[PDB]
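Accompanying notes for the structure given below.
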Amino acid sequence: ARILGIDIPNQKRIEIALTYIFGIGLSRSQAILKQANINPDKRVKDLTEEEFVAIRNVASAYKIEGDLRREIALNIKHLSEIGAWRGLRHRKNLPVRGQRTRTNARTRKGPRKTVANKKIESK
Amino acid sequence: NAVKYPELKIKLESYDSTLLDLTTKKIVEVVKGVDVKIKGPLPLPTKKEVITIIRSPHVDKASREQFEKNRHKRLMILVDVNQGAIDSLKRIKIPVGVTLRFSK
Amino acid sequence: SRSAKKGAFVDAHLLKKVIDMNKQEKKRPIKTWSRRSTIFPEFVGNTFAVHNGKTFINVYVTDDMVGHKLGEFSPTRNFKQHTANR
Amino acid sequence: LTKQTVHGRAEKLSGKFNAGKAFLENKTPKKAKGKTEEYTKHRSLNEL
Amino acid sequence: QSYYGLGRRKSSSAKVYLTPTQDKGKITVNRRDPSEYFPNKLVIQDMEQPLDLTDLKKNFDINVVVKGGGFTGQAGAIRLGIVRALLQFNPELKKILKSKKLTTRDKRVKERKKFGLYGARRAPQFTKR
Amino acid sequence: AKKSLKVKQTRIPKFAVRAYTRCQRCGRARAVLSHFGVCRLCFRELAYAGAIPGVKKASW
Amino acid sequence: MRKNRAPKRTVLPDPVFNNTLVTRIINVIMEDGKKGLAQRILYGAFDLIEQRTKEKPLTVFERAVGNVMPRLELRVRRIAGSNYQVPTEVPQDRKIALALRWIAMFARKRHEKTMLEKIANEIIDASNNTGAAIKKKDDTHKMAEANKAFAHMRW
RNA sequence: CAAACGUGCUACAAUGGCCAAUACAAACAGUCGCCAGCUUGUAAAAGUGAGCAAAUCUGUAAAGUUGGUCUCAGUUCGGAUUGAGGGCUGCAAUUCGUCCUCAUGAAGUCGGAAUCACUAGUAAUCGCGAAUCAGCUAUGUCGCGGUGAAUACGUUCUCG
RNA sequence: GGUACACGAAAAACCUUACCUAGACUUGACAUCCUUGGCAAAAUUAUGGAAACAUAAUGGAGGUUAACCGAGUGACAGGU
Ligand SMILES: [Mg+2]
Ligand SMILES: [Mg+2]
Ligand SMILES: [Mg+2]
Ligand SMILES: [Mg+2]
Ligand SMILES: [Mg+2]
Ligand SMILES: [Mg+2]
Ligand SMILES: [Mg+2]
Ligand SMILES: [Mg+2]
Ligand SMILES: [Mg+2]
Ligand SMILES: [Mg+2]
Ligand SMILES: [Mg+2]
Ligand SMILES: [Mg+2]
Ligand SMILES: [Mg+2]
Ligand SMILES: [Mg+2]
Ligand SMILES: [Mg+2]
Ligand SMILES: [Mg+2]
Ligand SMILES: [Mg+2]
Ligand SMILES: [Zn+2]
């Protein structure tokens, strides 16, 4: 569309259109929606320039969606440049919190690389 | 003549049932041998506790027996008592198991 | 996570040694067993020997490490390579 | 062109450490174990 | 001359008051419109099942009090309650009502969960290995 | 190492969170019934002798 | 090995069109133990049938379901390799049951929109002998006609 | 933690997602507790504070009904993972507590060979309570109720 | 194997805990029997302390030693 480098779907309501932007989710979109007084349920294609200026200003007041990516990148670099045990644990692509790593937590380990289980000839 | 106690609300509860019935018959007989109008021996819901215990010592959680402990409960409200009843109330001797909840 | 009213936490044994050790110029690595103590701003510039479980690993605090817990910058267990089972 | 800096942490968290040091130096040994008290009996026949 | 019936189903009592009238039955449940007490998922007919096939023109005004259960269970209680009130007005009605088995307690209640089992009759998944 | 834990349990600790409940007959720590202060396998032996008034087997 | 014949629960006459069969198919489309939901879906399809076919909904439903209803059933009987089948005449109660079970299974797989319209199209599509249920009935029938020879030996 | 298996939870959706209003339980538990109402807070919760030693007071029933919207998309599905800010318990939450808010949005569109449970309030499903417990991704366990099916022709095969 | 694998464990942050690294103890943290006295153990505040533990403090319910607080003392206690 026209809001920064994001191209929000044209046949979709505005409160979901803001969610499609990277730095704006759903709850904050309603906050932008309510604060700007713009009524929901108005398809973005059927909107005028008067609303398009108020939303850009408030979006600019919040954290830029493009800057959050650099915000996440520095935090990992900030945690890794500290030498934290959580940082080392974040370093080797493993759960950073307390999740178990015995039989689960594959969403951070990608696909399974099947090895060869021990040979049991009986004892 | 006097009263000294309006609305004496005696409450009974015990783990056993038959002794509790026996206590209600003995209490009523003495208080009607004196001049008091009993409202009535009403039954209250019995609070039942259940504990689940595994039978086996080490393994096999599946085999678990059960136990129960019933708190049978009764209510008794006295309208007018007077000395004639209180002094006779001293010689009642309630079997240990039954527990009294006198509320004055 | 940790509440506001409570604030931070040090065992206050670490606090007494650090104030004495900061005043003294010839500072040497401080031997602390308290992995529970949060790194306080005044701690900056000192070095500590946290008990990893076996030995005392030396940590040099900076103006950046302020805020986390003193045991978070040291390990407790070690794993570096498996072995083919079959 | 640079707007100085708007980061640096410290300041905000610094108040949190100040709160913690005040609590630790405040610490009063108010050790206790309980709450409500009294009303603990099983009644009798008011004299047996 | 009113008549009283007490039905039950799934631990749900019922107090149905049958009053003779000649100005339309005016179905009523717990001082509220039937259309408001039930999801109106067509459940209203069931209770009238023994009051339909015989007759409803006698326009008996019903004063129902049900306390407990969900909504079909409460409905089950009042159907039995209407029939039990019905056994005081023309004991002949009983015969035909008995036929369809509309004068018997359903005797169907939820069983107790058993230890080692995932429910009343469920059981954990067995493994050959 | 049973007696010392039993003895330590009687002794008051230095922290409130340091207090746990142990069986009073044996020294078993886990599966202790706070309603009776007796573990599950002493409660079975004791229940099968009639020491606790009212604990009957349940049929529901 | 049982020697006992199971009892049968009542089928109940339908509460609207007074056509028992509606209650059975309601229970068939039942999912999640929702009596209400299933009724709503099904009854809603009749309103669409009125709007579309301009005819009585009960008449269309009987013409579709009775027509989809099969005649022969092939029972598997293995001896040594694969299975030689055996065509048998199904009882009337089971006869109706396969049609309703089949009507729902092909209704929950169509490329259409909300299953309300989905099931409505399936019932209207089976009144003209051109649908998904027809092909299934045709297929089992052709296998039975092909397997007419082994009908004498059953077990 | 390179991996493999078992038991469960959550899903891959319009019999649904979200929002608003709203009807109907049983059982159980409670004075270091249950906590009503009120005030503050986007919320977890905090403060005030009655009532209840209990058929009295407290522990919001949810599915369900109606209305609005989505219109079949890896999406208003799905919630993982990850970052930050908060709340509670506790000396103490990094190793290794959970809850809330915000941010991101993995896989997954019905699952191969082969397998499991169940004969009515049963299978399936929706909530509620208790035990151990200061607190606990117990989705476990033990209980209670709400809605509520389909099928059994027969012993030829299969296991015991 | 069926009859193990949401099993013992109806609650592993510390405690639990039985494991490892360390800092400390030896008729012992707990018990009896014996010669012998009781004019305490606690808890808490100080200093050193990772805390065990030490050195100083209010010297403590009570009942004259009942229970325990001890000394001496070898049989022994103790082992998840
Ligand atoms: Mg964990
Ligand atoms: Mg032992
Ligand atoms: Mg389960
Ligand atoms: Mg909807
Ligand atoms: Mg009242
Ligand atoms: Mg995909
Ligand atoms: Mg989702
Ligand atoms: Mg944490
Ligand atoms: Mg699809
Ligand atoms: Mg059976
Ligand atoms: Mg399910
Ligand atoms: Mg075995
Ligand atoms: Mg430890
Ligand atoms: Mg430990
Ligand atoms: Mg003295
Ligand atoms: Mg003496
Ligand atoms: Mg031994
Ligand atoms: Zn024991």
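Convention: chains lettered A, B, ... in structure tokens order; per-chain residue numbering from 1; ligands numbered from 1 as shown.
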- Within 9 Å of residue F:2, counting only C-alpha atoms (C1' of nucleotides), which residues qualify if same-chain residues fewer than 3 places away don't, as number ranges by chain? F: 5-7, 27-28; I: 80
Around ligand 7, at most 12 Å away and counting only C-alpha atoms (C1' of nucleotides) and all ligand atoms, which residues are there? Put them as a PDB file with N, CA, C and O atoms (P, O5', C5', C4', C3', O3' and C1' of nucleotides), in the first residue's frame, please.
```
ATOM      1  P     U H  10      -5.883 -30.579  24.939  1.00  0.00           P
ATOM      2  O5'   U H  10      -5.031 -29.655  23.961  1.00  0.00           O
ATOM      3  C5'   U H  10      -4.524 -28.404  24.400  1.00  0.00           C
ATOM      4  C4'   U H  10      -3.579 -27.810  23.389  1.00  0.00           C
ATOM      5  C3'   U H  10      -4.107 -27.687  21.970  1.00  0.00           C
ATOM      6  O3'   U H  10      -4.943 -26.558  21.790  1.00  0.00           O
ATOM      7  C1'   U H  10      -1.932 -28.606  21.922  1.00  0.00           C
ATOM      8  P     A H  11      -6.312 -26.685  20.961  1.00  0.00           P
ATOM      9  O5'   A H  11      -5.917 -26.151  19.513  1.00  0.00           O
ATOM     10  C5'   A H  11      -6.059 -26.966  18.360  1.00  0.00           C
ATOM     11  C4'   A H  11      -4.829 -26.902  17.489  1.00  0.00           C
ATOM     12  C3'   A H  11      -5.028 -27.283  16.031  1.00  0.00           C
ATOM     13  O3'   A H  11      -5.543 -26.216  15.255  1.00  0.00           O
ATOM     14  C1'   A H  11      -3.117 -28.386  16.884  1.00  0.00           C
ATOM     15  P     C H  12      -6.909 -26.399  14.431  1.00  0.00           P
ATOM     16  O5'   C H  12      -6.412 -26.748  12.959  1.00  0.00           O
ATOM     17  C5'   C H  12      -5.643 -25.817  12.212  1.00  0.00           C
ATOM     18  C4'   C H  12      -4.610 -26.512  11.363  1.00  0.00           C
ATOM     19  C3'   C H  12      -5.163 -27.417  10.277  1.00  0.00           C
ATOM     20  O3'   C H  12      -5.519 -26.706   9.104  1.00  0.00           O
ATOM     21  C1'   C H  12      -3.474 -28.558  11.476  1.00  0.00           C
ATOM     22  P     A H  13      -6.747 -27.218   8.202  1.00  0.00           P
ATOM     23  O5'   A H  13      -8.024 -26.779   9.048  1.00  0.00           O
ATOM     24  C5'   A H  13      -8.784 -27.743   9.763  1.00  0.00           C
ATOM     25  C4'   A H  13      -9.735 -27.086  10.733  1.00  0.00           C
ATOM     26  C3'   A H  13     -10.982 -26.441  10.153  1.00  0.00           C
ATOM     27  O3'   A H  13     -12.007 -27.367   9.830  1.00  0.00           O
ATOM     28  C1'   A H  13     -10.011 -24.995  11.742  1.00  0.00           C
ATOM     29  P     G H  16     -17.852 -25.576  16.739  1.00  0.00           P
ATOM     30  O5'   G H  16     -16.563 -24.931  16.066  1.00  0.00           O
ATOM     31  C5'   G H  16     -15.296 -25.562  16.127  1.00  0.00           C
ATOM     32  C4'   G H  16     -14.247 -24.695  15.483  1.00  0.00           C
ATOM     33  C3'   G H  16     -14.046 -23.342  16.145  1.00  0.00           C
ATOM     34  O3'   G H  16     -13.211 -23.399  17.286  1.00  0.00           O
ATOM     35  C1'   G H  16     -14.242 -23.052  13.809  1.00  0.00           C
ATOM     36  P     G H  17     -13.316 -22.248  18.402  1.00  0.00           P
ATOM     37  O5'   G H  17     -12.520 -21.021  17.778  1.00  0.00           O
ATOM     38  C5'   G H  17     -11.130 -21.110  17.510  1.00  0.00           C
ATOM     39  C4'   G H  17     -10.590 -19.803  16.995  1.00  0.00           C
ATOM     40  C3'   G H  17     -10.991 -18.572  17.792  1.00  0.00           C
ATOM     41  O3'   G H  17     -10.199 -18.376  18.949  1.00  0.00           O
ATOM     42  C1'   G H  17     -11.330 -18.161  15.491  1.00  0.00           C
ATOM     43  P     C H  18     -10.892 -17.898  20.317  1.00  0.00           P
ATOM     44  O5'   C H  18     -11.212 -16.359  20.062  1.00  0.00           O
ATOM     45  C5'   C H  18     -10.176 -15.451  19.721  1.00  0.00           C
ATOM     46  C4'   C H  18     -10.727 -14.123  19.272  1.00  0.00           C
ATOM     47  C3'   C H  18     -11.770 -13.490  20.177  1.00  0.00           C
ATOM     48  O3'   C H  18     -11.208 -12.837  21.302  1.00  0.00           O
ATOM     49  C1'   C H  18     -12.507 -13.381  17.937  1.00  0.00           C
ATOM     50  P     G H  74      -1.872 -19.978   1.161  1.00  0.00           P
ATOM     51  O5'   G H  74      -0.498 -19.622   1.880  1.00  0.00           O
ATOM     52  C5'   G H  74      -0.027 -20.445   2.942  1.00  0.00           C
ATOM     53  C4'   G H  74      -0.744 -20.125   4.231  1.00  0.00           C
ATOM     54  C3'   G H  74       0.057 -19.306   5.234  1.00  0.00           C
ATOM     55  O3'   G H  74      -0.826 -18.562   6.076  1.00  0.00           O
ATOM     56  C1'   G H  74      -0.419 -21.398   6.173  1.00  0.00           C
ATOM     57  P     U H  75      -0.264 -17.296   6.892  1.00  0.00           P
ATOM     58  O5'   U H  75      -1.560 -16.458   7.288  1.00  0.00           O
ATOM     59  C5'   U H  75      -2.190 -15.603   6.341  1.00  0.00           C
ATOM     60  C4'   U H  75      -3.692 -15.594   6.497  1.00  0.00           C
ATOM     61  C3'   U H  75      -4.208 -15.106   7.856  1.00  0.00           C
ATOM     62  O3'   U H  75      -5.330 -14.245   7.663  1.00  0.00           O
ATOM     63  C1'   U H  75      -5.129 -17.218   7.363  1.00  0.00           C
ATOM     64  P     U H  76      -5.625 -13.057   8.705  1.00  0.00           P
ATOM     65  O5'   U H  76      -5.993 -13.814  10.054  1.00  0.00           O
ATOM     66  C5'   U H  76      -5.338 -13.502  11.279  1.00  0.00           C
ATOM     67  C4'   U H  76      -6.257 -13.690  12.462  1.00  0.00           C
ATOM     68  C3'   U H  76      -7.086 -14.971  12.445  1.00  0.00           C
ATOM     69  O3'   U H  76      -7.239 -15.476  13.772  1.00  0.00           O
ATOM     70  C1'   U H  76      -8.530 -13.091  12.482  1.00  0.00           C
ATOM     71  P     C H  77      -6.115 -16.444  14.388  1.00  0.00           P
ATOM     72  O5'   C H  77      -6.235 -17.762  13.503  1.00  0.00           O
ATOM     73  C5'   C H  77      -7.485 -18.416  13.334  1.00  0.00           C
ATOM     74  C4'   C H  77      -7.301 -19.889  13.080  1.00  0.00           C
ATOM     75  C3'   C H  77      -6.447 -20.620  14.103  1.00  0.00           C
ATOM     76  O3'   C H  77      -7.214 -21.067  15.208  1.00  0.00           O
ATOM     77  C1'   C H  77      -5.827 -21.237  11.872  1.00  0.00           C
ATOM     78  P     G H  78      -6.553 -21.182  16.669  1.00  0.00           P
ATOM     79  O5'   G H  78      -5.136 -21.859  16.408  1.00  0.00           O
ATOM     80  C5'   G H  78      -4.942 -23.250  16.602  1.00  0.00           C
ATOM     81  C4'   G H  78      -3.510 -23.636  16.336  1.00  0.00           C
ATOM     82  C3'   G H  78      -2.484 -22.979  17.239  1.00  0.00           C
ATOM     83  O3'   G H  78      -2.372 -23.618  18.497  1.00  0.00           O
ATOM     84  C1'   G H  78      -1.753 -22.886  14.987  1.00  0.00           C
ATOM     85  P     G H  79      -3.173 -23.045  19.768  1.00  0.00           P
ATOM     86  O5'   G H  79      -2.333 -23.555  21.022  1.00  0.00           O
ATOM     87  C5'   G H  79      -1.365 -22.720  21.644  1.00  0.00           C
ATOM     88  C4'   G H  79      -0.035 -22.747  20.930  1.00  0.00           C
ATOM     89  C3'   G H  79       1.003 -21.761  21.447  1.00  0.00           C
ATOM     90  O3'   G H  79       1.709 -22.257  22.572  1.00  0.00           O
ATOM     91  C1'   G H  79       0.857 -21.586  19.096  1.00  0.00           C
ATOM     92  P     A H  80       2.929 -21.428  23.213  1.00  0.00           P
ATOM     93  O5'   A H  80       4.215 -22.026  22.488  1.00  0.00           O
ATOM     94  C5'   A H  80       4.494 -23.417  22.539  1.00  0.00           C
ATOM     95  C4'   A H  80       5.518 -23.812  21.506  1.00  0.00           C
ATOM     96  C3'   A H  80       6.895 -23.184  21.655  1.00  0.00           C
ATOM     97  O3'   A H  80       7.709 -23.841  22.609  1.00  0.00           O
ATOM     98  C1'   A H  80       6.190 -22.981  19.418  1.00  0.00           C
ATOM     99  P     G H 105       6.346 -12.027  12.277  1.00  0.00           P
ATOM    100  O5'   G H 105       6.075 -13.594  12.357  1.00  0.00           O
ATOM    101  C5'   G H 105       7.148 -14.528  12.346  1.00  0.00           C
ATOM    102  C4'   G H 105       6.738 -15.841  12.963  1.00  0.00           C
ATOM    103  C3'   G H 105       5.585 -16.562  12.266  1.00  0.00           C
ATOM    104  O3'   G H 105       5.807 -17.970  12.312  1.00  0.00           O
ATOM    105  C1'   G H 105       4.996 -16.106  14.516  1.00  0.00           C
TER     106        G H 105
END
```
- Query: Counting only C-alpha atoms (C1' of nucleotides) and all ligand atoms, which protein, DNA or RNA residues come within 12 Å of ligand 10, given as an NGL selection string?
  - Reply: (:E and (121-122)) or (:G and (2 or 6)) or (:H and (118-120 or 122-123 or 152))
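The residues of chain B lying at most 8 Å from chain H, with only C-alpha atoms (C1' of nucleotides) taken into account, are residues 44, 45, 51 and 52 of chain B.
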- What residues in chain H have any atom no more than 8 Å from chain A when counting only C-alpha atoms (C1' of nucleotides), and can you write them as a PyMOL selection string? chain H and resi 1-4+76+80-81+83+94+96+103+106-107
Would you mind exporting the chosen residues as a PDB file, in the first residue's frame, restricted to N, CA and C atoms (P, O5', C5', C4', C3', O3' and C1' of nucleotides)?
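New file again-v1.pdb:
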```pdb
ATOM      1  P     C H   1      22.824 -29.379  26.967  1.00  0.00           P
ATOM      2  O5'   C H   1      22.715 -30.642  26.003  1.00  0.00           O
ATOM      3  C5'   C H   1      23.873 -31.146  25.347  1.00  0.00           C
ATOM      4  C4'   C H   1      23.552 -32.249  24.369  1.00  0.00           C
ATOM      5  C3'   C H   1      22.385 -31.984  23.418  1.00  0.00           C
ATOM      6  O3'   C H   1      22.715 -32.514  22.137  1.00  0.00           O
ATOM      7  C1'   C H   1      22.020 -34.004  24.591  1.00  0.00           C
ATOM      8  P     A H   2      23.436 -31.599  21.030  1.00  0.00           P
ATOM      9  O5'   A H   2      23.804 -32.639  19.886  1.00  0.00           O
ATOM     10  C5'   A H   2      22.777 -33.313  19.177  1.00  0.00           C
ATOM     11  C4'   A H   2      23.336 -34.143  18.052  1.00  0.00           C
ATOM     12  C3'   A H   2      22.361 -35.123  17.421  1.00  0.00           C
ATOM     13  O3'   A H   2      21.517 -34.515  16.457  1.00  0.00           O
ATOM     14  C1'   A H   2      24.376 -36.240  17.924  1.00  0.00           C
ATOM     15  P     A H   3      19.922 -34.635  16.604  1.00  0.00           P
ATOM     16  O5'   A H   3      19.729 -35.928  17.511  1.00  0.00           O
ATOM     17  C5'   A H   3      18.689 -36.853  17.237  1.00  0.00           C
ATOM     18  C4'   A H   3      19.153 -38.273  17.434  1.00  0.00           C
ATOM     19  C3'   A H   3      18.071 -39.282  17.779  1.00  0.00           C
ATOM     20  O3'   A H   3      17.388 -39.750  16.631  1.00  0.00           O
ATOM     21  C1'   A H   3      19.886 -39.545  19.264  1.00  0.00           C
ATOM     22  P     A H   4      15.790 -39.646  16.549  1.00  0.00           P
ATOM     23  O5'   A H   4      15.301 -41.002  17.221  1.00  0.00           O
ATOM     24  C5'   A H   4      15.567 -42.252  16.604  1.00  0.00           C
ATOM     25  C4'   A H   4      15.243 -43.395  17.529  1.00  0.00           C
ATOM     26  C3'   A H   4      13.861 -43.354  18.158  1.00  0.00           C
ATOM     27  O3'   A H   4      12.845 -43.847  17.306  1.00  0.00           O
ATOM     28  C1'   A H   4      15.463 -43.769  19.833  1.00  0.00           C
ATOM     29  P     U H  76      -5.625 -13.057   8.705  1.00  0.00           P
ATOM     30  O5'   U H  76      -5.993 -13.814  10.054  1.00  0.00           O
ATOM     31  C5'   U H  76      -5.338 -13.502  11.279  1.00  0.00           C
ATOM     32  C4'   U H  76      -6.257 -13.690  12.462  1.00  0.00           C
ATOM     33  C3'   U H  76      -7.086 -14.971  12.445  1.00  0.00           C
ATOM     34  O3'   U H  76      -7.239 -15.476  13.772  1.00  0.00           O
ATOM     35  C1'   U H  76      -8.530 -13.091  12.482  1.00  0.00           C
ATOM     36  P     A H  80       2.929 -21.428  23.213  1.00  0.00           P
ATOM     37  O5'   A H  80       4.215 -22.026  22.488  1.00  0.00           O
ATOM     38  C5'   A H  80       4.494 -23.417  22.539  1.00  0.00           C
ATOM     39  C4'   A H  80       5.518 -23.812  21.506  1.00  0.00           C
ATOM     40  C3'   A H  80       6.895 -23.184  21.655  1.00  0.00           C
ATOM     41  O3'   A H  80       7.709 -23.841  22.609  1.00  0.00           O
ATOM     42  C1'   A H  80       6.190 -22.981  19.418  1.00  0.00           C
ATOM     43  P     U H  81       8.422 -22.996  23.774  1.00  0.00           P
ATOM     44  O5'   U H  81       9.583 -22.227  23.003  1.00  0.00           O
ATOM     45  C5'   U H  81      10.548 -22.942  22.248  1.00  0.00           C
ATOM     46  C4'   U H  81      11.230 -22.050  21.242  1.00  0.00           C
ATOM     47  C3'   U H  81      11.831 -20.769  21.792  1.00  0.00           C
ATOM     48  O3'   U H  81      13.092 -20.976  22.398  1.00  0.00           O
ATOM     49  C1'   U H  81      10.590 -20.275  19.849  1.00  0.00           C
ATOM     50  P     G H  83      15.991 -14.741  24.472  1.00  0.00           P
ATOM     51  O5'   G H  83      15.481 -13.248  24.247  1.00  0.00           O
ATOM     52  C5'   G H  83      16.294 -12.299  23.573  1.00  0.00           C
ATOM     53  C4'   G H  83      15.634 -10.944  23.496  1.00  0.00           C
ATOM     54  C3'   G H  83      15.201 -10.322  24.814  1.00  0.00           C
ATOM     55  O3'   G H  83      16.269  -9.701  25.509  1.00  0.00           O
ATOM     56  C1'   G H  83      13.446 -10.137  23.245  1.00  0.00           C
ATOM     57  P     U H  94      16.272 -15.940  37.601  1.00  0.00           P
ATOM     58  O5'   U H  94      17.645 -16.616  37.148  1.00  0.00           O
ATOM     59  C5'   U H  94      18.202 -16.367  35.872  1.00  0.00           C
ATOM     60  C4'   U H  94      19.464 -17.158  35.615  1.00  0.00           C
ATOM     61  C3'   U H  94      19.380 -18.659  35.806  1.00  0.00           C
ATOM     62  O3'   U H  94      18.855 -19.284  34.645  1.00  0.00           O
ATOM     63  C1'   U H  94      21.404 -17.811  36.778  1.00  0.00           C
ATOM     64  P     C H  96      18.936 -25.447  33.695  1.00  0.00           P
ATOM     65  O5'   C H  96      17.801 -24.783  34.594  1.00  0.00           O
ATOM     66  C5'   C H  96      16.425 -25.070  34.366  1.00  0.00           C
ATOM     67  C4'   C H  96      15.581 -24.769  35.580  1.00  0.00           C
ATOM     68  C3'   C H  96      15.524 -23.294  35.979  1.00  0.00           C
ATOM     69  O3'   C H  96      14.243 -23.014  36.537  1.00  0.00           O
ATOM     70  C1'   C H  96      16.394 -24.555  37.766  1.00  0.00           C
ATOM     71  P     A H 103       1.693  -6.759  20.627  1.00  0.00           P
ATOM     72  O5'   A H 103       3.144  -7.178  20.121  1.00  0.00           O
ATOM     73  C5'   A H 103       4.101  -6.173  19.831  1.00  0.00           C
ATOM     74  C4'   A H 103       5.476  -6.729  19.569  1.00  0.00           C
ATOM     75  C3'   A H 103       5.548  -7.976  18.708  1.00  0.00           C
ATOM     76  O3'   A H 103       5.374  -7.701  17.328  1.00  0.00           O
ATOM     77  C1'   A H 103       6.962  -8.236  20.572  1.00  0.00           C
ATOM     78  P     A H 106       5.900 -18.815  10.949  1.00  0.00           P
ATOM     79  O5'   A H 106       7.212 -19.696  11.144  1.00  0.00           O
ATOM     80  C5'   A H 106       7.717 -19.956  12.445  1.00  0.00           C
ATOM     81  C4'   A H 106       8.610 -21.170  12.462  1.00  0.00           C
ATOM     82  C3'   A H 106       8.091 -22.387  11.711  1.00  0.00           C
ATOM     83  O3'   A H 106       8.356 -22.325  10.320  1.00  0.00           O
ATOM     84  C1'   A H 106       8.826 -23.046  13.856  1.00  0.00           C
ATOM     85  P     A H 107       7.338 -22.980   9.261  1.00  0.00           P
ATOM     86  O5'   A H 107       7.112 -24.466   9.791  1.00  0.00           O
ATOM     87  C5'   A H 107       8.041 -25.500   9.501  1.00  0.00           C
ATOM     88  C4'   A H 107       7.737 -26.740  10.304  1.00  0.00           C
ATOM     89  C3'   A H 107       6.512 -27.525   9.857  1.00  0.00           C
ATOM     90  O3'   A H 107       6.792 -28.427   8.798  1.00  0.00           O
ATOM     91  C1'   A H 107       6.423 -27.178  12.198  1.00  0.00           C
TER      92        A H 107
END
```
- Message: Show me which residues are within 12 Å of ligand 5 counting only C-alpha atoms (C1' of nucleotides) and all ligand atoms, and format the list as a count of residues only.
- Response: 4
- Message: Around ligand 13, out to 12 Å and counting only C-alpha atoms (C1' of nucleotides) and all ligand atoms, which residues are there? I want them as a PyMOL selection string.
- Response: (chain C and resi 53) or (chain H and resi 95-96) or (chain I and resi 12-17+19-21)
- Message: Let me see if you get this right: every residue at most 12 Å from ligand 9, counting only C-alpha atoms (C1' of nucleotides) and all ligand atoms, written as a ChimeraX atom specification.
- Response: /G:108-113 /H:12-14,72-75,77,108-110
- Query: When you draw a straight line from atom CA of residue B:11 to atom CA of residue B:74, how long is it in Å?
  - Reply: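 Going from atom CA of residue B:11 over to atom CA of residue B:74, I get 6.0 Å.
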- Compile the residues of chain B that lie within 6 Å of chain F, evaluated using only C-alpha atoms, and express the compilation as an NGL selection string. :B and (15 or 53 or 66-69)
- Item | Residues of chain D within 12 Å of chain H, counting only C-alpha atoms (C1' of nucleotides), as number ranges by chain | D: 12-13, 24, 27, 29, 31-42
Can you check which parts of chain B lie within 8 Å of chain I? Per residue, the shortest pair of atoms and distance in Å to one decimal, counting only C-alpha atoms (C1' of nucleotides), sorted by chain and number, as a Markdown table.
```
| residue | atom | partner | partner_atom | distance |
| --- | --- | --- | --- | --- |
| B:57 | CA | I:8 | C1' | 8.0 |
| B:58 | CA | I:8 | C1' | 4.9 |
| B:59 | CA | I:8 | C1' | 5.4 |
| B:60 | CA | I:7 | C1' | 6.5 |
| B:61 | CA | I:7 | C1' | 6.8 |
```
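Picture a line from atom CA of residue D:18 to atom CA of residue C:43; it runs 13.7 Å.
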- Which neighbours of residue A:44 fall inside 9 Å, counting only C-alpha atoms (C1' of nucleotides), when residues of the same chain fewer than 2 positions from it are skipped, and could you give them as number ranges by chain? A: 8-14, 17, 42, 46-48
- Message: If I take atom CA of residue E:71 and atom CA of residue E:85, how far is one from the other in Å, to one decimal?
- Response: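 Between atom CA of residue E:71 and atom CA of residue E:85 the gap is 20.8 Å.
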- Item | Residues flagged strand (DSSP E) by DSSP in stretch 6-124 of chain E, as a list in words | residues 15, 16, 17, 18, 19, 61, 62, 63, 64 and 65 of chain E
For the residues in that selection, give me N, CA and C atoms as a short mmCIF file (atom, residue, chain, number, x, y, z; two decimals), in the first residue's frame.
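Here's the written file result21.cif:
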```
data_model
loop_
_atom_site.label_atom_id
_atom_site.label_comp_id
_atom_site.auth_asym_id
_atom_site.auth_seq_id
_atom_site.Cartn_x
_atom_site.Cartn_y
_atom_site.Cartn_z
N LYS E 15 -40.81 -29.91 40.68
CA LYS E 15 -42.09 -29.69 41.35
C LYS E 15 -43.02 -29.11 40.30
N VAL E 16 -43.91 -29.96 39.79
CA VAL E 16 -44.86 -29.58 38.76
C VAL E 16 -46.23 -29.44 39.39
N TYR E 17 -46.87 -28.29 39.18
CA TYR E 17 -48.18 -28.05 39.76
C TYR E 17 -49.17 -28.00 38.61
N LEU E 18 -50.09 -28.95 38.60
CA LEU E 18 -51.09 -29.09 37.56
C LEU E 18 -52.37 -28.44 38.07
N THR E 19 -52.79 -27.37 37.40
CA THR E 19 -53.99 -26.63 37.76
C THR E 19 -55.01 -26.64 36.63
N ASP E 61 -52.84 -25.32 33.45
CA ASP E 61 -51.70 -24.44 33.72
C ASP E 61 -50.69 -25.15 34.61
N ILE E 62 -49.45 -25.26 34.14
CA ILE E 62 -48.38 -25.97 34.83
C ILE E 62 -47.45 -24.97 35.51
N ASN E 63 -47.16 -25.21 36.79
CA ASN E 63 -46.25 -24.40 37.59
C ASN E 63 -45.10 -25.31 38.04
N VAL E 64 -44.02 -25.27 37.24
CA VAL E 64 -42.85 -26.13 37.37
C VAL E 64 -41.76 -25.44 38.19
N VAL E 65 -41.19 -26.16 39.15
CA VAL E 65 -39.98 -25.74 39.87
C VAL E 65 -38.94 -26.86 39.77
#
```
